[PDB]
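**Student:** Begin with these chain(s), straight out of the complex:
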Amino acid sequence: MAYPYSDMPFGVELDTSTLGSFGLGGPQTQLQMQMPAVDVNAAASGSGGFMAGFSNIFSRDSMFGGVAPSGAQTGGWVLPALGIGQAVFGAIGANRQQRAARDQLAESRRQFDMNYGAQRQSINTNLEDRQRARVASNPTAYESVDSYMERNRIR
Amino acid sequence: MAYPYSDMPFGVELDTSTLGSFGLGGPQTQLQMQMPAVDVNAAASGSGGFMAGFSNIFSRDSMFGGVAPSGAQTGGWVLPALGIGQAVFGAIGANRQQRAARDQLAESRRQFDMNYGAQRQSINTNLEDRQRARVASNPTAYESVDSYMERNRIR
Amino acid sequence: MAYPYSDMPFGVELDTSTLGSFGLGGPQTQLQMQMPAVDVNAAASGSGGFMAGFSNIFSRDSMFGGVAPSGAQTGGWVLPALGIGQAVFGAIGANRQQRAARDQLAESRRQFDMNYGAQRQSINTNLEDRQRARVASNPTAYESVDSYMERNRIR
């Protein structure tokens, strides 16, 4: 476009993976960038054009609201901020619980698969040491090692 | 900025690790620093500008509030303090429960891993002793110990 | 400060340990001390300035409250006392339940560790008595006890 910047490689790297991985549902794939400006300079000078540098509200009415005589009340931003934080933290907790459940299930699967692997190795070892006598005593009148090693071998 | 002080390496030292490790979600990474001034001197003199040594309210109505005739009541700080303490203690309890659950799961993982390690070392030494006699009896007519270790040894 | 008193050893000894150990969340770390004075002497004379020996209420209205005609009621201290007792006993019960759960978990840990230790000692006994015959039969063609206790010994 007019100002491509460098978002295309970032989008390519992101691909279409969903939430998960290991960093509590999305790790810090990128790196920590440096500060944009040395001084506040009222945001980015003309480009920014913000009023936070000169606001200096320091007023309870803006934070916790206030009511003048004859009603006409105004509410501050503290309550909406608390609500937003509540929502975000509830979502984070739900994600954490789901991730913990997935972990536990994966751990159980690993446990069973690994126990089976150990038992299979043990059974195969028992089998080849049992057939060692057969193939060493009378090789001509008995079978060969390979016959068992790809016929009677535990998967 | 005009006054960097000594905060430049602090950010690099902290990196971006979240709460965890062993200090109940962050141990005493920093050290202990001597208290600046023996005498309060109204905080940092002109810089402080606080009423620590002048307010001295020593008033019972401030804590518990009070209502004058014709309404126009005021609330003391006791209720906000109680609410803040309630919130903090609830959060600490939730964090403690989460840490306990994580500790129990890691404990179970460790116990299973160490039990397997014991079983595996036992079976490996059993196989080593078993094949030692084979390699000692007919070295020419039997496989080498190195081959058995690299092919028939439990991982 | 002007009156440091002798609280520094208390702070040094206490450190930052939280509730736990064995004394239902903090045992009697300190010792017992005699009373400041045999006789009340109106609290600490001028320092006290109380009405312990002069109030002598001995009335039902102060304890159970009371309402005079035309509104203007007064509430006794019985309800606050009951509320405070309720809060304290609830906290004590919660602490007791947490301590019981911790004790049960620690008991399960001592259980598993002791069982593994016994089994490991039995296995080591079996191994060494099996290898004693090997090292006593033919010391030349067989291995030594050192090899077995350094690499064929269960931790």
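**Tutor:** Perfect, thanks for sending it. Numbering: from 1, shown residues only, chains lettered A, B, ... in the order given.
**Student:** For chain B, give me its nearest residue in chain A.
**Tutor:** Here the residue of chain A nearest chain B is residue A:121; by Cβ to the nearest Cβ that distance is 5.6 Å. Quick note: C-beta positions are derived from backbone N, CA and C, even for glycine.
**Student:** Wasn't that residue part of a helix?
**Tutor:** Yes: when DSSP: H, G, I helix; E, B strand; the rest coil is applied, residue A:121 is found to be in a helix.
**Student:** show me what contacts it?
**Tutor:** Residue A:121 is in contact with residue B:154, counting by Cβ atoms under 8 Å, 6 or more residues apart in numbering or on different chains.
**Student:** ok, it to chain C distance?
**Tutor:** 19 Å (Cβ to the nearest Cβ, to the nearest Å).
**Student:** how close does that residue get to residue C:25?
**Tutor:** 50 Å (Cβ to Cβ, to the nearest Å).
**Student:** likewise residue A:72?
**Tutor:** 52 Å.
**Student:** Go ahead and report the secondary structure state at residue A:90.
**Tutor:** Here residue A:90 is helix, with the state taken from three-state DSSP.
**Student:** just the one 4 residues further on next, same as before
**Tutor:** Using three-state DSSP, the structure places residue A:94 in helix.
**Student:** Could you tell me how many residues sit around it?
**Tutor:** Around residue A:94 there are 10 other residues, counting by other Cβ atoms under 10 Å in any protein chain shown.
**Student:** ok, now residue A:24?
**Tutor:** 13.
**Student:** Show me which residues of chain A sit near chain B.
**Tutor:** Within chain A, the positions near chain B by Cβ under 8 Å from any Cβ of the partner chain are A:24, A:28, A:32, A:38-39, A:104, A:107, A:111, A:114, A:118, A:121-122, A:125, A:128-129, A:132, A:136.
**Student:** May I see the ChimeraX selection of the buried members of these?
**Tutor:** To isolate in ChimeraX the members of the residues of chain A next to chain B that are buried, counting by 16 or more other Cβ atoms under 10 Å in any protein chain shown, one can use:
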select /A:118,121,125
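**Student:** taking the residues of chain A next to chain B one by one, which sit in helices?
**Tutor:** Judged by DSSP state H, the residues of chain A next to chain B include A:104, A:107, A:111, A:114, A:118, A:121-122, A:125, A:128-129, A:132, A:136 as members of helices.
**Student:** Output the residues you listed in a markdown table, with distance to residue B:87 appended to each entry.
**Tutor:** Formatted as a markdown table, those follow (distance: Cβ to Cβ, whole Å):
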| residue | distance to residue B:87 |
| --- | --- |
| A:104 | 30 |
| A:107 | 34 |
| A:111 | 40 |
| A:114 | 44 |
| A:118 | 50 |
| A:121 | 55 |
| A:122 | 56 |
| A:125 | 60 |
| A:128 | 66 |
| A:129 | 66 |
| A:132 | 71 |
| A:136 | 77 |
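**Student:** Please identify which pair of these lies farthest apart.
**Tutor:** A:104 and A:136 (48.3 Å; Cβ to Cβ).
**Student:** Drop chain D onto that structure:
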Amino acid sequence: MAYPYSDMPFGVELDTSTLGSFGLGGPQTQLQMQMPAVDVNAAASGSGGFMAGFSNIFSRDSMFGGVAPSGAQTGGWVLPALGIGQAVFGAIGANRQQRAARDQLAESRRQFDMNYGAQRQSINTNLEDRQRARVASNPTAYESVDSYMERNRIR
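**Tutor:** Putting chain D onto the chains we already have gives this:
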């Protein structure tokens, strides 16, 4: 104090132990004593100053309450007595449940401690009867009983 009485030995005796032991959370540590007097004699004469033998309510209004015309009702003692009984029985039930849980846990502990002791003693018997043959076969090339009873004896 002016009237120390004999509470010091009891204060020394009870120490600071909490509810427990076997008597539903505190057994009958003390003993039985005779009544102060065969006849009531109006409580303790002047000290008592009660109406045990003079009140003689014998009326339904005192127990079940009653309301005269134009309001101005009075409540009987039956509701307070029922409330007090309710509270006492609830507390007793809670104590009983806690005691039952503690007893079950202690029973499980004794359960496994005794099972492990039996198994350990059986293992020790197996060990020493196996070692008896070794020490009786040839003492010159074998060890003594003390070495095996000290180094490889299950605790």
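**Student:** Please re-evaluate the contacts of residue A:121 in the presence of chain D.
**Tutor:** Residue A:121 touches residue B:154, counting by Cβ under 8 Å, 6+ apart.
**Student:** Do I have it right that residue A:111 meets residue B:112?
**Tutor:** Yes: Residue A:111 is in contact with residue B:112 according to Cβ atoms under 8 Å; the separation is 6.8 Å.
**Student:** Now do the closest residue to chain D within chain A against residue D:103, distance only.
**Tutor:** Distance from chain D to each residue of chain A (Cβ to the nearest Cβ) is smallest for residue A:111, at 24.9 Å. Residue A:111 sits 35 Å away from residue D:103, going by Cβ to Cβ.
**Student:** likewise residue A:13?
**Tutor:** 63 Å.
**Student:** now swap in residue A:67 and tell me
**Tutor:** 61 Å.
**Student:** can you check residue A:57 too?
**Tutor:** 64 Å.
**Student:** Going by neighbour count, which residues in stretch A:99-106 are buried?
**Tutor:** Quick answer for stretch A:99-106 (16+ other Cβ under 10 Å): residue A:99.
**Student:** hey, where'd the strands end up in chain A?
**Tutor:** Using DSSP state E, the strands found in chain A span residues A:66-67, A:73-74.
**Student:** Against which helices or strands is the first one packed?
**Tutor:** Packing partners of strand A:66-67 (3 or more Cβ pairs under 8 Å, 6 or more residues apart in numbering or on different chains; DSSP states H and E): strand A:73-74.
**Student:** Centre of the chain to the strand it packs on, how far?
**Tutor:** Relative to its chain's centre, strand A:73-74 lies at 43 Å (Cα atoms, centre = their mean, to the nearest Å).
**Student:** cool, and stretch A:111-126?
**Tutor:** With Cα atoms, centre = their mean, you get 32 Å for stretch A:111-126.
**Student:** Restrict it to CA atoms and write it as PDB.
**Tutor:** C-alpha atoms of stretch A:111-126 as PDB (Å, rounded to 0.1, in the frame of the first residue of the first chain):
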ATOM      1  CA  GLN A 111       2.400 -41.900  31.400                       C
ATOM      2  CA  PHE A 112       0.400 -44.700  29.700                       C
ATOM      3  CA  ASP A 113       2.500 -44.600  26.500                       C
ATOM      4  CA  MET A 114       5.800 -44.600  28.300                       C
ATOM      5  CA  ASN A 115       4.800 -47.500  30.600                       C
ATOM      6  CA  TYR A 116       3.700 -49.400  27.500                       C
ATOM      7  CA  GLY A 117       7.000 -48.700  25.800                       C
ATOM      8  CA  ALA A 118       9.000 -49.900  28.800                       C
ATOM      9  CA  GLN A 119       6.900 -53.100  29.100                       C
ATOM     10  CA  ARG A 120       7.300 -53.700  25.300                       C
ATOM     11  CA  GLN A 121      11.100 -53.300  25.600                       C
ATOM     12  CA  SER A 122      11.200 -55.700  28.500                       C
ATOM     13  CA  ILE A 123       9.000 -58.300  26.800                       C
ATOM     14  CA  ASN A 124      11.100 -58.100  23.600                       C
ATOM     15  CA  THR A 125      14.200 -58.600  25.600                       C
ATOM     16  CA  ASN A 126      12.700 -61.600  27.400                       C
END
